[PDB]
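A.B. asks: Handing you a structure now.
Residue numbers (the deposited numbering), protein chains in the order written: chain B, 228 to 394; chain L, 228 to 395; chain D, 228 to 396; chain J, 228 to 396; chain F, 228 to 394; chain H, 228 to 395.
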């Protein structure tokens, strides 16, 4: 793990970058208790300034309930982009889009983009720079010109260390 | 205790945050003599600038006299908020309120919040970011989305090391 | 390998300099898969500012297809100078030329050069400062007054360490 | 003594604070020779700029003669406050008072305060933040909400190390 | 050699100084191949800015031919001063003169001075601050109030390390 | 030799201070050859700025000859303040006086005071801050309130190392 941690320092230095996460809930212990704090910690470090142009993408696989998490995050303070335009289906162009920004006083439209994998039918216009996989084997968005980082963990507190959120 | 000192460097980096403390004095040695100088150092470090917007909350548990400590702190040079309009009852909305700040010259309305637990019945609109429990086991404000640091100590100088007030 | 990395710290500090690379792909593992990312990282570290005034040259010996790699680089978001005007032939004066630069907002006409070695017959008027040779023994552009660094590698990732792109080995 | 040195790192970081020293000279060797240099160094390091609002106080217990020390300090180039108006008696509000200051060009009214403990009867408006005691057992100004630092030394060269005036022992 | 490197840190700290070199090529291996690069790097380090007022002097003893070296250095990009007006013999006041400088945009008249010791007759107006001798025993410019640096080398890769050109 | 170097680190930091040197050359090896270079280095480090406003004094003890060294220093590019008006006897007020200084462009009237001990009959109005003694036991300018550093050396480079002019 300490071998992996410093490998990632170059990836996470850039201010403007496109990052995807794919996660599987079942094989992580105490997931529903720590996910919210995990996201709240990532955002403040990596998505709290003007130069941080693009928010990150979180994809959860399996049969899971997004509404509850979205409400809990709204109570915590954060706003999310899901991609729906009123119905039960997801739209790619609305999911991937640029937010409004105001330099002074600082205002932001949304800080993260959330979804499920099964619903996202298709691919983006611009391939991702970094694809992170946590306990998933392979995904359709793998390519030779894209950097794939793949891990296996037993608790979420382990990943924060890798990503430099704690000591 | 050494690793925990390094464990908390990230939490105390942010300037503006809502921090809560709970203390039980019966099981701490030499409390009455050292509490004032603990509070004074914490305030002079983490709540003595303009960007430091939310003052901290100190909750004491047990049967205890706040008035004497409040007078001692006034003599030392600090001003406190207690949430009391004449009467014994504690108005919650008047204890979770923002103070007046002036950049030049620097002046503040109050520097700390002080209360008793049993007197404070209810809850806040915004949940606390960090909840420190010193010598206490359970509380009503614990939740999944709040960070909780529970400790057990025999003296205050031990806590000074953890919170970076002192070199040793 | 570790001392080689530090032997080069002084060469690569300067902002403006003329750098040439020669490569043989027949004897490298996973070349087709790692090449684009090699180029992208090098460019991002040494070709993304106003002070950086000379883009680099990459020459590939053998029988190889440049067009596909060019399309892939375009998809990745980078532009290349090849030195051709319609036809098959290559022009030295149109491959060794200065690019347009706009300071605010930053724009650059092109970020790298490309070619095949056999097609490029001739030479430049100003001789290269640094001529990296990766797995090739001898060339026609070597001289007493040019700095020459020859290496032997088995996979591309080692050069990342040698040249400070990724610290971990 | 290496243990005590870094304990005082935070206390001496601030620019504006109120410090008090109590000393006993009967049990220190070669006192009259080095007292003046001690004061001069302390003053140069902690009392020589605009942001240093409060000058420090030196109290001596015993049967000492202050006139000679005052004359020697004037020859060395320093001005002191003693807290007297013609007479023998000592006044408190003159001794604990703020001085004139001019930022540009920098000038100060007085740089230190001196006295004998017995003549000074009473207390101040504001209790002191730091009370150093050197070879002295008990004082009336000791209080729970005041920081007290008690030491035992055979020479004055050691206290300079403790207080971070000179490099090493 | 690890001893000498840091000994010279103080001499090479100042920006404006008068530095002299004396060299013997007979007992150095692979000399003609590496001289030009040595001069190039020294110049790039110590004679590229407005504060570097006085360029340095290189003297060669023996039966060497200077014309070829001057041509190679011209091709490399450096203009040299040789102290001759007409061609037969040397003139000291032309050799030891001050150049033109423009602060913005930077242009300089010449970067280095070059000569043969047998041809140079006499002494300067101001004595040298630092005199370097490489495989030479005695010289007439040795005085008590002048710093001397006598060395022995079998290659020129060593002197670069001594002078902090490479590590 | 090493810790002694660190003892003097605090003394040499101040920009403006009055400094005196007393030297005996009979017992030093290779004095004439190295004195000038010692002086030149000391001046370049400690007496070549605007804020450096109190040039140092050197006093040489014995039957030495100043004129030659003074000429050597003029050749090397430095000016000195001897203190004579008529080349017979020294005057204190003329040897202990302030120099002219122009900030832009930088120019200085003189950079050092040079003298012999026997000729300087008297004392200054302001006592020296730092008195360095090299191979002399006792002096008439020693006092309780004046710092005295006394050494014994065999070559000048040792003192150079002590005073931080050369690494080693």
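Cβ atoms here follow ideal geometry from the backbone N, Cα and C, with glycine treated the same way.
1) Can you determine whether any heavy atom of the ligand ZN sits closer than 7 Å to the C-beta of residue 376 (chain J), and answer yes or no?
2) Please name the residue in F:339, F:370, F:311, F:359 whose C-alpha comes closest to that of residue 347 (chain F).
3) So if DSSP puts residue 359 (chain B) in a beta bridge, which residue, or which two residues, is it bridged to?
4) Quick one: what's residue 307 (chain H) bridged to in DSSP?
5) Please look up how many angstroms separate the CB atoms of residue 256 (chain H) and residue 382 (chain H), rounded, as I've assumed it's under 8 Å.
6) Can you confirm whether residue 342 (chain L), when its beta carbon is compared against all beta carbons of chain J, has any partner nearer than 8 Å?
7) Got a sec, what are the start and stop residues for the beta strand (DSSP E) residue 426 (chain J) sits in?
8) By how many angstroms is the C-alpha of residue 287 (chain D) removed from the C-alpha of residue 344 (chain D)?
9) Roughly how many angstroms lie between the CA atoms of residue 236 (chain J) and residue 262 (chain F), to the nearest whole one?
10) Between the beta-carbon of residue 363 (chain J) and the beta-carbon of residue 242 (chain J), is there less than 8 Å?
11) Mapping the DSSP letters down to three states, classify residue 317 (chain H) as helix, strand or coil.
12) Going straight from the alpha carbon of residue 333 (chain H) to that of residue 271 (chain H), what length do you get?
13) Is there a C-beta anywhere in chain J that falls below 8 Å from the one on residue 371 (chain H)?
14) Kindly indicate the opening and closing residues of the alpha helix (DSSP H) around residue 384 (chain D).
15) Report the neighbours of residue 270 (chain L) on chain J: residues whose CB is nearer than 8 Å to its CB, in chain order.
16) Quick check on residue 237 (chain L) - is its C-beta less than 8 Å from some C-beta in chain B?
17) Go ahead and pull the three-state DSSP assignment for residue 262 (chain L).
18) Does the beta carbon of residue 292 (chain F) sit closer than 8 Å to a beta carbon anywhere in chain D?
19) Using a C-beta to C-beta distance shorter than 9 Å, which residues of chain D count as neighbours of residue 234 (chain B)?
20) Check the Cβ-Cβ distances between residue 263 (chain F) and every residue of chain D, and say whether any is below 8 Å.
21) So which residues on chain J does residue 299 (chain L) lean against when the C-beta distance must stay under 8 Å?
22) From what residue to what residue does the alpha helix (DSSP H) around residue 229 (chain B) run?
23) Reducing DSSP to helix, strand and coil, say where residue 322 (chain F) ends up.
24) So residue 307 (chain L) and residue 328 (chain L) are in contact, right, with Cβ under 8 Å, and what is the actual spacing, rounded?
25) In this structure, what does DSSP give as the bridge partners for residue 201 (chain J)?
26) Using DSSP bridges, identify the partner residues of residue 256 (chain L).
27) Specify the secondary structure class of residue 312 (chain D) as computed by DSSP and reduced to three states.
28) In three-state terms, what does DSSP make of residue 353 (chain F)?
29) State yes or no: is the C-beta of residue 299 (chain B) within less than 8 Å of the C-beta of residue 372 (chain L)?
30) Measure the alpha-carbon distance for residue 366 (chain D) versus residue 283 (chain D) and round it to whole angstroms.
31) Among the residues of its own chain, which have a CB less than 7 Å from the CB of residue 254 (chain J), if the five just before and after it don't count?
32) Is there a Cβ from chain B that is less than 8 Å from the Cβ of residue 260 (chain D)?
33) For residue 364 (chain H) and chain F, any beta-carbon pair shorter than 8 Å?
34) If residue 360 (chain J) and residue 376 (chain J) are in contact, beta carbons under 8 Å, what's the gap, nearest whole angstrom?
35) My understanding is that residue 358 (chain H) touches residue 247 (chain H), with C-beta atoms under 8 Å, so please give their C-beta distance in whole angstroms.
C.D. replies: With the given structure in hand:
1) You won't find the ligand ZN in this model; it holds no ligand whatsoever.
2) Walking along the fifth chain from the start, residue 347 (chain F) turns up at place 120. Comparing Cα positions, the closest option is F:311.
3) One-based indexing of the first chain puts residue 359 (chain B) at position 132. The partner list for residue 359 (chain B) (beta bridge, DSSP) reads B:248, B:376.
4) If you number the sixth chain from 1, residue 307 (chain H) lands on position 80. Partner(s): H:339.
5) For the purposes of this step, residue 256 (chain H) is taken as the residue at position 29 of the sixth chain. For the purposes of this step, residue 382 (chain H) is taken as the residue at position 155 of the sixth chain. Residue 382 (chain H) and residue 256 (chain H) do touch by the CB rule: their CB atoms are close to 5 Å apart, below 8 Å.
6) Position 115 of the second chain, counting from 1, holds the residue named residue 342 (chain L). Judged by the 8 Å Cβ criterion, residue 342 (chain L) is not in contact with chain J.
7) Since the displayed chain J opens at 228 and closes at 396, residue 426 (chain J) lies outside it and no answer follows.
8) Reading the third chain from its first residue, position 117 is the one you call residue 344 (chain D). Reading the third chain from its first residue, position 60 is the one you call residue 287 (chain D). So the alpha carbons of these two residues sit roughly 6 Å apart.
9) The residue you call residue 236 (chain J) lines up with position 9 of the fourth chain. The residue you call residue 262 (chain F) lines up with position 35 of the fifth chain. For residue 236 (chain J) and residue 262 (chain F), the distance between alpha carbons rounds to 56 Å.
10) The residue you call residue 363 (chain J) lines up with position 136 of the fourth chain. The residue you call residue 242 (chain J) lines up with position 15 of the fourth chain. Going by C-beta atoms, residue 363 (chain J) is not nearer than 8 Å to residue 242 (chain J).
11) In the sixth chain, residue 317 (chain H) corresponds to position 90, counting from 1. Strand.
12) One-based indexing of the sixth chain puts residue 333 (chain H) at position 106. One-based indexing of the sixth chain puts residue 271 (chain H) at position 44. Their backbone Cα atoms lie some 14 Å apart in a straight line.
13) Residue numbering aside, residue 371 (chain H) sits at position 144 when the sixth chain is read from its first letter. Yes, contact with chain J.
14) One-based indexing of the third chain puts residue 384 (chain D) at position 157. 384-389 is the extent of the alpha helix (DSSP H) around residue 384 (chain D).
15) Working through the second chain from its first residue, we reach residue 270 (chain L) at position 43. What residue 270 (chain L) touches in chain J: nothing, since even the nearest Cβ is about 14 Å away.
16) What you label residue 237 (chain L) is simply residue 10 of the second chain in a count that begins at 1. For residue 237 (chain L), the answer is yes, since a Cβ of chain B falls inside 8 Å of its Cβ.
17) Position 35 of the second chain, counted from the start, is the residue given in the question as residue 262 (chain L). Residue 262 (chain L): helix per DSSP, three-state reduction.
18) By 1-based counting over the fifth chain, the position of residue 292 (chain F) is 65. Chain D, which has no Cβ nearer than 8 Å to the Cβ of residue 292 (chain F), makes this no.
19) On the first chain, position 7 is the one that residue 234 (chain B) refers to. The answer, in chain order, is 393, 394, 395.
20) Working through the fifth chain from its first residue, we reach residue 263 (chain F) at position 36. Residue 263 (chain F) counts as touching chain D.
21) The sequence position of residue 299 (chain L) within the second chain is 72, counting from 1. Result: 372.
22) As a position in the first chain, residue 229 (chain B) is number 2, starting the count at 1. Counting along the chain, the alpha helix (DSSP H) containing residue 229 (chain B) begins and ends at 229-232.
23) In the fifth chain, counting from the first residue as 1, residue 322 (chain F) sits at position 95. In the three-state scheme derived from DSSP, where H, G and I count as helix and E and B as strand, residue 322 (chain F) is classed as helix.
24) On the second chain, residue 307 (chain L) is found 80 positions in, with the first residue counted as 1. On the second chain, residue 328 (chain L) is found 101 positions in, with the first residue counted as 1. The Cβ separation is near 17 Å, so there is no contact.
25) Residue 201 (chain J) is absent from the model: chain J starts at 228 and stops at 396.
26) By one-based count along the second chain, residue 256 (chain L) stands at place 29. Residue 256 (chain L) is not bridged to any residue.
27) For the purposes of this step, residue 312 (chain D) is taken as the residue at position 85 of the third chain. Coil, per DSSP.
28) In the fifth chain, residue 353 (chain F) corresponds to position 126, counting from 1. Reduced to three states, the DSSP call for residue 353 (chain F) is coil.
29) In the first chain, residue 299 (chain B) corresponds to position 72, counting from 1. In the second chain, residue 372 (chain L) corresponds to position 145, counting from 1. Yes. Within cutoff.
30) Position 139 of the third chain holds residue 366 (chain D). Position 56 of the third chain holds residue 283 (chain D). Cα-Cα distance, rounded: 18 Å.
31) Taking the first residue of the fourth chain as position 1, residue 254 (chain J) is located at position 27. The answer, listed in chain order, is 362.
32) Translated into positions along the third chain, residue 260 (chain D) becomes position 33. It does; some Cβ of chain B falls within 8 Å.
33) Counting from one through the sixth chain, the residue named residue 364 (chain H) turns up at place 137. Output row for residue 364 (chain H): interface = no.
34) To locate residue 360 (chain J), count along the fourth chain from 1; it is residue 133. To locate residue 376 (chain J), count along the fourth chain from 1; it is residue 149. Between residue 376 (chain J) and residue 360 (chain J) the Cβ distance is about 7 Å, and since that is below 8 Å, they are a contact.
35) Along the sixth chain, read from residue 1 onward, the residue named residue 358 (chain H) stands at position 131. Along the sixth chain, read from residue 1 onward, the residue named residue 247 (chain H) stands at position 20. That belief holds up - the Cβ atoms of residue 358 (chain H) and residue 247 (chain H) are roughly 5 Å apart, short of 8 Å.
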